[PDB]
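*Asks:* Got a structure for you, written out below as structure tokens; questions coming shortly.
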Amino acid sequence: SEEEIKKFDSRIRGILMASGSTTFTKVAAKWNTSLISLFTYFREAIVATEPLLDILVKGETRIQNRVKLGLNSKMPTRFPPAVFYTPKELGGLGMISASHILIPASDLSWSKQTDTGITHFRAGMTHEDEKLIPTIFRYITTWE
Amino acid sequence: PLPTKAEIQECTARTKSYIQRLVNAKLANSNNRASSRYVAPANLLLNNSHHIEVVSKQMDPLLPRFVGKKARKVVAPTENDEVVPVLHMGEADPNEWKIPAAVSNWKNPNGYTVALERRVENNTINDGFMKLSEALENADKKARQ
Amino acid sequence: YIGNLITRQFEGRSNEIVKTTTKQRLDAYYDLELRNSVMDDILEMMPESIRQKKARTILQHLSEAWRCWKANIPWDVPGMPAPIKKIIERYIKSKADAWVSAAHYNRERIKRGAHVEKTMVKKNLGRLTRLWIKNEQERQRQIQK
Amino acid sequence: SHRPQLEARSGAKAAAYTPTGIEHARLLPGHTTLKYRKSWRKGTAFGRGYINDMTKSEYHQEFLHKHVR
Amino acid sequence: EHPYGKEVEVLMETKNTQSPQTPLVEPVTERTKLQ
Amino acid sequence: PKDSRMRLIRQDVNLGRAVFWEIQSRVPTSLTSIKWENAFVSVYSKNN
Amino acid sequence: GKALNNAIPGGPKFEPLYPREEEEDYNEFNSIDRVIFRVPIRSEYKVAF
Amino acid sequence: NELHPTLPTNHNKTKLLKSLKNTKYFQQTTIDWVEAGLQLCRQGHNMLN
Amino acid sequence: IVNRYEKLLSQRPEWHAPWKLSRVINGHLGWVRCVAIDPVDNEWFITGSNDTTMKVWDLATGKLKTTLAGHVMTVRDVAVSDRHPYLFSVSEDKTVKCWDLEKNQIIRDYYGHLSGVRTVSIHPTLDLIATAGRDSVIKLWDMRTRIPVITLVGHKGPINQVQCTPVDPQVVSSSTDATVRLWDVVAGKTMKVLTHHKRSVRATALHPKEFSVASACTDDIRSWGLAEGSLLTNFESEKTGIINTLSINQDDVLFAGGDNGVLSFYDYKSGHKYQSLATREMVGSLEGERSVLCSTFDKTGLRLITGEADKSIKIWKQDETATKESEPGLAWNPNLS
RNA sequence: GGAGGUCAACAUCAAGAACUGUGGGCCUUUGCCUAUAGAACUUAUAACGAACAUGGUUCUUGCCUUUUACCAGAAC
């Protein structure tokens, strides 16, 4: 439901605003702790909901953007996804990324009527060279 | 009488001209070389005795224009000759208009100390209560019986 | 750009330089003109001349009245001319609605999350909680009367 | 030294001064041109505006009934 | 209301008639351009 | 979406309101307050 | 292409220019029940006529 | 560039150089480009210093 | 001197008609601090306000045409051109902003006051705005090039109110140091002072015919003739003040708004005060919030528009029954001022 | 007298699809009707430049601790 959507986005707005300069791994660790709570409570449902996936992509981009400006840069070439996703041990932030995906985009007009079913995807986040990244939702068994 | 016609078209004239001289100055002062687009022998000295001509000298456009201009600060004598007689037209009133002295729980800007009481209902209940508690009471004792 | 830099290297910076109201320095201004515009009225209810000390001290009554209004203190000054007290209540109502009105407007700027600054958030939580409590105590009192 | 002002600055004090000649931006020419005008249902136990103010308004009490919650 | 009572139209106003863009003063082009 | 949703048909619309209204009654406004705005109501019949 | 917020496939993309399309009544006129889907209506039509 | 003209300024007609080359203080000649490149480096430099 | 008093028991002035309350328009969220009405079509107010909007109302119906927002702090004043299709409004954030009506947008920002600006007026034949406020000087803005051509130096205090007129004395202004100057522009200096009033001079107006100017004061409302800077009359007014405003008319009615919440109408010629009115304050208001912060008369002379600290406009109508039938007011016993 | 100039000054260049002069008749100078003469330059997938930059103000967004500096659409 939309209430709990805007709560989620409320939260992430909260990490961002509420951190004076919190270093990095603290930020990321807050990210994980939040998101995991969400994907963990609503397991199945998140599949269906467009705007939530939208918010995921945004939010996560926004956090990485934090660590980035933490230096000075948005430049994408400086921060290949290794930097953000290698586990703490190897010296990365270890943030657990389920932004990526590809996001079902089908023809809004009718999707205000029929439920037209997925015909297309819109690239959620990106890379430069790609590889891919595994996403949480796939490691959590669904409620049913 | 409100003042005619070929009067207001005079005062209007001599003013409007005077303003155009002002504006045209201040445009042709400054440094937009392109604000200027928006717009005499003059000495008989002594009796003119020697005649004269008054010739502006073209600058060197690089050098500052207005060699003497600057931003300084002056104070002026407000000097006048004439006076302006100001000509206008404590018993019951000081009752009314006496104002106490401020003593504020919050600020104490000098540190002053003050007798506390400068720092520091009538109605009863509504019988809504009386009825409430006694009704609860009655139903109560009915029930217990 | 450079044209300026060099007229300032010759002719010095300007002394007056007014400035403008703006985002940051707003309230101070709003305040400042409010106070001035009490001091007219209260200077003209007084019979004659007596001003300076009477004035300042009456403004101290202003602030004290406001910060009472916030804390919801009923604020009765022991003895003081009725009309004056009228004026203070009039204004402080005005400032009150400036405040509450801005509290709504901003909250509904945050709920969208559209470029509200940092402190603006924390502040606006202040203005809210205050307002919420006032509603509270009201609701109780009327639950008495 | 924080003091409530008692005054304001006469424009005249300014007026005596000599100019500068700095050029602002907002003074650059714009709009050079003027314009002139010409059965079951019985079972249960229960048997058959604008107020000049704010905090007493109906809106405001809705609002505070949402947000501060 | 009765505060004034009878002659007095007490009318509270919000929104707009004359939607914002609408010119509030008519412009004047004397000639009729058909082009 | 419109299809998946509940369609508005005078009969069912008026079941919804009907029921809700009945239950508006059963509790006095002294304890609580139950506003339409808060409720939602869903019906199941031939059309929906 | 701009003014309608469309994109010729090889074309330059721009901003909406009339951004609020999202306001809509729930209104029967152009509904699905009452329309025939026979040929899809690609963009280039919408830019062509 | 094509959707939004500018529509230039009759009266621009008073160029800088025309105004400048009219005075006592400027003079005119010819000279190899590269050279004038260099003179402009000396110039620009002495100014900023 | 008794001569003077015998004469005043003769002329026995000019019967005028009562007034009453036709309409109340709410809709602002602050105090309502100025009103100004079309010099042409009389279809519309424009109303200053303390929430910094400026709403344009419709004269006949009372509906709301539009809102012109676009100021940060409260708007003190408005004026509408005759010749030009413009609207200058001025506020306390120190800014005098032209408007243009045809599009309903701002156009030119005049600039340079040191501090808040309480009054504008629009000279009739020259294309000049005049403005002034707490700085204590009156600037004369040229309109198209935005330069403040001339600055009238002057009083020793905030300037409450400025008026423009076509011949000499061109600009006339009154100021909390209790004068009223009569200005000669080009000369650049004062042509005359009228010192009588006793404390701040808070309002003025120009007789739309007679070529003279009513100057209020706190509690005593004089008139003055221009050209000479005479005295002319002295309106019989006990202390009803504080006078926020005056409005003269085409029929020689005079209006004066009190802050005690009392409308006080006069004859102009005389001084005779022929009606008073408590202005029913409002629904939930606070007795202090009955007051009157502005006034003006439409172009016909028959309708009155005022704002009031209780966030509302009221429009007053001139009741036609009148004549003498049982009209008469307070009945003319001129007293020793 | 002819040709030229990386010479100068003074005019004019965006509109009822559109310029100017003159004669005759009417209202009473404007203006209207009619007659007549000449019309460089610029225009119909519309325009002085088969080219293409910046700034201001006012709004909507995007960066998002704040101001310069900015993101991309619109109006003037």
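Chains as they are written, first to last, in the deposited numbering: chain A, 1305 to 1448; chain B, 56 to 94, 100 to 149, 156 to 186, 193 to 217; chain C, 725 to 869; chain D, 4 to 41, 126 to 135, 155 to 175; chain E, 67 to 101; chain F, 1208 to 1255; chain G, 339 to 387; chain H, 532 to 580; chain I, 111 to 447. Think of the CB as a built atom: it goes at the ideal place given N, C-alpha and C, for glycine as much as any other residue.
What do you get for B/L106, buried or exposed, if any count of 16 or more other CB atoms within 10 angstroms of its CB means buried?
*Replies:* By the neighbour-count rule (16 or more Cβ atoms within 10 Å), B/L106 is not buried but exposed.
*Asks:* For B/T196, count neighbouring C-beta atoms within 10 Å of its own C-beta (all shown protein chains included) and say buried if the count is 16 or more, exposed if not.
*Replies:* When all chains shown are included, B/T196 counts as exposed.
*Asks:* Which complete beta strand (DSSP E) runs does the stretch 285 to 368 of chain I hold, if anything under 3 residues is left out?
*Replies:* The qualifying runs are 289 to 294, 299 to 304, 314 to 316, 322 to 325, 332 to 335, 353 to 358, 363 to 368.
*Asks:* For I/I358 versus I/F155, is the C-beta spacing smaller than 8 angstroms?
*Replies:* The answer is no: Cβ separation not under 8 angstroms.
*Asks:* In the DSSP assignment, find the unbroken beta strand (DSSP E) run with I/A146 in it and report its ends.
*Replies:* No beta strand (DSSP E) holds I/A146; DSSP gives it neither H nor E.
*Asks:* Does the Cβ of A/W1335 have 16 or more other Cβ atoms within 10 Å, making it buried, or fewer, making it exposed?
*Replies:* Burial call: buried.
*Asks:* At the level of alpha carbons, what is the spacing between B/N79 and B/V94?
*Replies:* So the alpha carbons of these two residues sit roughly 6 angstroms apart.
*Asks:* Taking Cβ positions only, does C/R749 come closer than 8 angstroms to chain I?
*Replies:* Output row for C/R749: interface = no.
*Asks:* How big is the Cα-Cα spacing for D/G24 and C/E735?
*Replies:* When rounded, the distance between both Cα atoms is 8 angstroms.
*Asks:* Residues of the stretch 271 to 290 of chain I with a CB closer than 7 angstroms to any CB of chain B: list them in chain order, please.
*Replies:* Per Cβ criterion, the list reads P276, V277, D278.
*Asks:* Pick out whichever of I/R114, I/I353, I/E153 has its Cα sitting closest to the Cα of I/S405.
*Replies:* Cα-wise, what sits closest to I/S405 is I/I353.
*Asks:* May I ask you to list, following chain order, the residues of the stretch 133 to 146 of chain I that have a beta carbon less than 7 angstroms from some beta carbon of chain D?
*Replies:* Answer in chain order: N136.
*Asks:* Could you tell me whether any Cβ in chain D is nearer than 8 angstroms to the Cβ of C/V845?
*Replies:* For C/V845, the answer is no, since every Cβ of chain D falls outside 8 angstroms of its Cβ.
*Asks:* In whole angstroms, give me the CA-to-CA distance for A/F1441 and A/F1343.
*Replies:* Looking at the two C-alpha atoms, the distance is approximately 7 angstroms.
*Asks:* Using a Cβ-Cβ distance under 8 angstroms, would I/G367 count as near chain C?
*Replies:* False, the Cβ-Cβ gap to chain C never drops below 8 angstroms.
*Asks:* Would you call the stretch 139 to 154 of chain I and the stretch 155 to 162 of chain D touching, i.e. three or more CB-CB distances under 8 angstroms?
*Replies:* Result no; under three Cβ-Cβ pairs closer than 8 angstroms.
*Asks:* So with CB distances below 7 angstroms, who are the chain C contacts of B/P124?
*Replies:* Per Cβ cutoff of 7 angstroms: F734.
*Asks:* Answer yes or no: does any C-beta atom of chain C fall closer than 8 angstroms to that of D/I157?
*Replies:* False, the Cβ-Cβ gap to chain C never drops below 8 angstroms.
*Asks:* Which stretch, first to last residue, makes up the alpha helix (DSSP H) that contains C/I811?
*Replies:* Element bounds for C/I811: 806 to 834.
*Asks:* Indicate whether at least one CB of chain B lies closer than 8 angstroms to the CB of D/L37.
*Replies:* It does not: the Cβ of D/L37 has no partner Cβ on chain B nearer than 8 angstroms.
*Asks:* Taking C-alpha atoms, which residue in F/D1210, F/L1238, F/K1253, F/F1247 lies nearest to F/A1225?
*Replies:* The residue with the shortest Cα to Cα distance from F/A1225 is F/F1247.
*Asks:* Run the CB neighbour count on I/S436, radius 10 Å, all protein chains shown included, and call it buried at 16 or more, exposed below.
*Replies:* I/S436 should be labelled exposed.
*Asks:* Cβ of I/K165 within 8 angstroms of Cβ of I/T171?
*Replies:* Contact: no.
*Asks:* How long is the line joining the alpha carbons of I/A388 and I/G371, rounded to whole angstroms?
*Replies:* One C-alpha to the other measures close to 6 angstroms.
*Asks:* CB I/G351 to CB I/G368, shorter than 8 angstroms?
*Replies:* Yes, they are a contact pair.
*Asks:* Relative to the C-alpha of I/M392, which residue among I/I423, I/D161, I/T431 is closest?
*Replies:* Among I/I423, I/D161, I/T431, the Cα nearest to that of I/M392 is on I/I423.
*Asks:* In chain H, what lies closer than 8 angstroms to B/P175 by C-beta?
*Replies:* Result: empty, since nearest Cβ-Cβ is about 53 angstroms, beyond 8 angstroms.
*Asks:* For a contact meaning CB atoms closer than 9 angstroms, what does B/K81 contact in chain I?
*Replies:* Those are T255, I257, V259, listed as they occur along chain I.
*Asks:* Quick one, which residues of the stretch 106 to 137 of chain B are near chain H if we go by CB-CB under 7 angstroms, in chain order?
*Replies:* Flagged, chain order: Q118, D120, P121.
*Asks:* Considering only the beta carbon of each residue, do I/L174 and E/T83 sit closer than 8 angstroms?
*Replies:* In this structure, E/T83 lies closer than 8 angstroms to I/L174 by Cβ.
*Asks:* Given I/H233, which residues of its chain have a CB within under 7 angstroms of its CB, disregarding the five upstream and five downstream residues?
*Replies:* Within the same chain, I/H233 has close Cβ partners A240, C274.
*Asks:* Quick one: does I/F345 have its CB under 8 angstroms from some CB of chain B?
*Replies:* Not one chain B Cβ lies under 8 angstroms of I/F345.
*Asks:* Do I/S310 and I/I331 count as a contact pair if the criterion is CB distance below 8 angstroms?
*Replies:* No, Cβ-Cβ distance for I/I331 and I/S310 is not below 8 angstroms.
*Asks:* Note down the Cα distance separating I/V290 from B/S90, rounded to an integer number of angstroms.
*Replies:* Straight-line Cα distance between these residues: approximately 38 angstroms.
*Asks:* Nearest-angstrom Cα distance between C/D764 and C/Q748?
*Replies:* C/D764 and C/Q748: Cα-Cα distance of roughly 27 angstroms.
*Asks:* Could you round the C-beta distance between I/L336 and I/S322 to whole angstroms and report it? I think they count as a contact, below 8 angstroms.
*Replies:* Contact holds; Cβ gap of about 6 angstroms.
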